[PDB]
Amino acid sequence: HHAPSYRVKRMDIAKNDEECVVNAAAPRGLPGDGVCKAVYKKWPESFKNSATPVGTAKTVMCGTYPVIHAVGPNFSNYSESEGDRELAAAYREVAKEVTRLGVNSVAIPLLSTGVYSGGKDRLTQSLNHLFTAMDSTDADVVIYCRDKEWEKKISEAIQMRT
């Protein structure tokens, strides 16, 4: 009867202490410069056939460690309304994969808030879609970020719901 939790840590997600990781991935499965740079350095084997459409997630094992490649929309290319829909959908697929995998915990970044943000601050938009998808799972969720002001805002959002 474990109590599922949310936490946020400001550090490289490749150093996570959870049972699986979510990559903020690209649709063609190519290595990138954000989270995906770290994921490719740490779990390169998980990039075999990791390509998957925008708005979806695809899990590839590195050994027995699952890497869930979730592809948020690039808001430079999508309208605000369609990009919002694809971002929500990518997180829904993450929740389904976390559940299917049976893991007790997952390390997760904020999708579409960096390289794919279209130059806008999307912390709240992305975090709220994360909660909408993950709230109904019972895995411990650890959100990884790099910006010190974002850490505070994410922490505040978590705490105000408890």
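Numbers follow the displayed sequence, beginning with 1.
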*Looking only at CA atoms, which has the higher mean B factor in the entry: 153-161 or 4-12?*
153-161
*By the entry's C-alpha temperature factors, tell me which of 110, 134, 70, 30 sits highest.*
30
*Taking the values exactly as deposited, rank residue 17 by C-alpha B-factor within its chain and report the matching third: lowest, middle or highest.*
lowest
*Split the chain's modelled residues into thirds by Cα B-factor; is residue 66 in the lowest, middle or highest one?*
lowest
*Would you mind checking where the Cα B-factor of residue 55 ranks among the modelled residues of its chain, as the lowest, middle or highest third?*
lowest
